[PDB]
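Presented below is the structure to which this report refers.
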Amino acid sequence: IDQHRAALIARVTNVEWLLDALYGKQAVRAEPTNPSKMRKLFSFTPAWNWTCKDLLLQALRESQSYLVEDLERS
Amino acid sequence: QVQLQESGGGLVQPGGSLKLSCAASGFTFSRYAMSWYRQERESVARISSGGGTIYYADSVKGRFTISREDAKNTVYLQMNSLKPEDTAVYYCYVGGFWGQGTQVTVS
């Protein structure tokens with residue numbers, strides 16, 4: 001289940017965008033790599049309610065809709 | 001011997017069009033994704049195997065269209081409303097093997 005992660009990572013550009021979006025809606029950040037902060041972020045699902053998935057993919061569609069569908073048609 | 005034949009390039013006036021096509025040869029194509037890039041070197045189109053999941057680089061939105069011919073060995077690039085900034089070497093590329101390319105000159 002790790003092949004969609006690096007996928008979304010390189011389909012972004014700016015990583016801080018959806019993190020700032022996720023803000024107050026969180027310490028993974030000491031991890032040095034930029035995609036590191038991504039990969040652990042999807043291990044946080046138990047702390048993610050329905051509204052959280054909603055937040056991620058709504059920010060994704062409010063960014064680029066094809067990315068929302070790409071995660072969706074999976 | 002891995003083969004990819006890039007073609008369909010040329011010189012055009014903006015608003016105008018170019019049709020790029022790459023012809024795969026030597027291995028089984030349809031189980032692999034096929035891509036186009038243009039030149040740093042910036043990826044342009046990526047079409048996953050099977051035809052379902054399409055991904056376009058942000059220069060290509062609503063203009064460029066990557067298409068798939070699996071019957072076999074053809075991958076299409078449809079460029080409408082060409083621009084000089086997008087005039088470049090179009091590289092058809094799959095699996096560590098990039099095509100020799102095509103020349104696109106827009107003006």
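To be explicit about the labels: the chains of the structure tokens are called A, B, and onward in the order shown, and within each one the residues are counted from 1, while ligands get numbers from 1 in the order they are shown.
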Could you list, as JSON, numbers by chain, the residues of chain A having an atom within 9 Å of chain B when counting only C-alpha atoms?
{"A": [11, 66, 67, 70, 73, 74]}
Show which residues sit within 8 Å of residue 100 in chain B, as JSON, numbers by chain. Count only C-alpha atoms, and ignore same-chain residues fewer than 4 positions away.
{"B": [4, 5, 6, 91, 92]}
Per DSSP on the backbone, filter chain A down to the residues in helix (DSSP H, G or I) and report them as a PyMOL selection string.
chain A and resi 5-10+16-22+34-42+45-47+50-61+65-72
Range 42-56 of chain A environment, 10 Å, only C-alpha atoms, sequence neighbours closer than 6 positions dropped, as a PyMOL selection string
chain A and resi 2+5+18-19+21-22+25-26+28+62+68
Limited to C-alpha atoms, could you put the picked residues into a file as a PDB file, in the first residue's frame?
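What follows is the written file result_8.pdb:
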ATOM      1  CA  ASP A   2       3.079   2.206  -0.375  1.00  0.00           C
ATOM      2  CA  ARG A   5       2.190   7.508  -1.414  1.00  0.00           C
ATOM      3  CA  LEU A  18      -1.806  20.165   2.353  1.00  0.00           C
ATOM      4  CA  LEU A  19      -0.028  20.111   5.721  1.00  0.00           C
ATOM      5  CA  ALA A  21      -4.454  22.653   5.209  1.00  0.00           C
ATOM      6  CA  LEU A  22      -4.414  19.728   7.668  1.00  0.00           C
ATOM      7  CA  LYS A  25      -8.357  20.114  11.593  1.00  0.00           C
ATOM      8  CA  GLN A  26       0.731  16.538  14.722  1.00  0.00           C
ATOM      9  CA  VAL A  28       5.601  13.709  12.402  1.00  0.00           C
ATOM     10  CA  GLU A  62      -9.633  22.487  -4.448  1.00  0.00           C
ATOM     11  CA  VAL A  68      -8.778  13.477  -6.243  1.00  0.00           C
TER      12      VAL A  68
END
Suppose you want the space between CA of residue 19 in chain B and CA of residue 78 in chain B; what is it in Å?
4.9 Å
When you look at residue 24 in chain B with a cut-off of 8 Å (counting only C-alpha atoms), what residues show up, excluding the ones that are within fewer than 5 positions of it in the same chain? I need them as a ChimeraX atom specification.
/B:3-5,29,73-75
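The residue that comes closest to residue 85 in chain B, out of B:43, B:14, B:49, B:65 and on the basis of only C-alpha atoms, is B:14.
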